[PDB]
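Visitor: Protein sequence lines, in the order shown, are assigned to chains A and B.
Quick note on the UniProt record's numbering: the first sequence kicks off at 53 and runs consecutively.
Quick note on the UniProt record's numbering: the second sequence kicks off at 105 and runs consecutively.
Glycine included, every Cβ here is placed at the ideal spot set by N, Cα and C.
Structure incoming, see below.
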Amino acid sequence: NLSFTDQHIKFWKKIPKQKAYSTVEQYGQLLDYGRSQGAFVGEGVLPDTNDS
Amino acid sequence: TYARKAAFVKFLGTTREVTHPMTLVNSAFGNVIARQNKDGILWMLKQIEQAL
């Protein structure tokens with residue numbers, strides 16, 4: 053052959069492949085761990101709460 | 105007095121189709137070809153009942 057081979061296609065052979073089960077695929081993301089606040093508390097003191 | 109009669113045979117039909125990606129995705133309610141065949145059979149039964 054005087055043309056390209058499968059070795060000349062670099063992006064297709066490097067990207068990982070996963071199996072799909074439907075025509076619409078969904079995924080989730082974790083954006084943040086919580087708001088910025090103090091983390092030092094006294095002895096026997098209930099710390100504050102936080103959300104993601 | 106005698107007579108000789110004749111009756112003519114008639115034809116009924118319907119067509120069902122399923123696309124290729126529909127056969128590959130994960131589908132609830134079981135197999136899709138069987139479901140389409142059952143729907144076609146029931147529709148033909150209703151049509152025959154009304155044509156009678």
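Say whether chain A places a C-beta atom closer than 7 Å to the C-beta of residue 135(B).
Guide: No, its Cβ sits nowhere closer than 7 Å to a Cβ of chain A.
Visitor: What is the rounded straight-line gap between the Cα of residue 62(A) and the Cα of residue 56(A)?
Guide: Cα to Cα, residue 62(A) sits roughly 12 Å from residue 56(A).
Visitor: Could you give the residue range of the alpha helix (DSSP H) that holds residue 67(A)?
Guide: Per DSSP, residue 67(A) belongs to no alpha helix (DSSP H) and is neither H nor E.
Visitor: Starting from residue 127(B), follow the alpha helix (DSSP H) in both directions and report where the run begins and ends.
Guide: 124-128 is the span of the alpha helix (DSSP H), which, as asked, contains residue 127(B).
Visitor: Taking the CB atoms as reference points, tell me whether residue 144(B) and residue 118(B) lie closer together than 7 Å.
Guide: Their beta carbons are under 7 Å apart, which means residue 144(B) touches residue 118(B) by this criterion.
Visitor: From the beta carbon of residue 74(A), is the nearest beta carbon of chain B less than 7 Å away?
Guide: Taking Cβ atoms only, chain B reaches closer than 7 Å to residue 74(A), which makes this a yes.
Visitor: Are the segment 123-136 of chain B and the segment 69-85 of chain A touching, with three or more C-beta to C-beta distances below 8 Å?
Guide: Contact between the segment 123-136 of chain B and the segment 69-85 of chain A is present, because at least three Cβ pairs lie under 8 Å.
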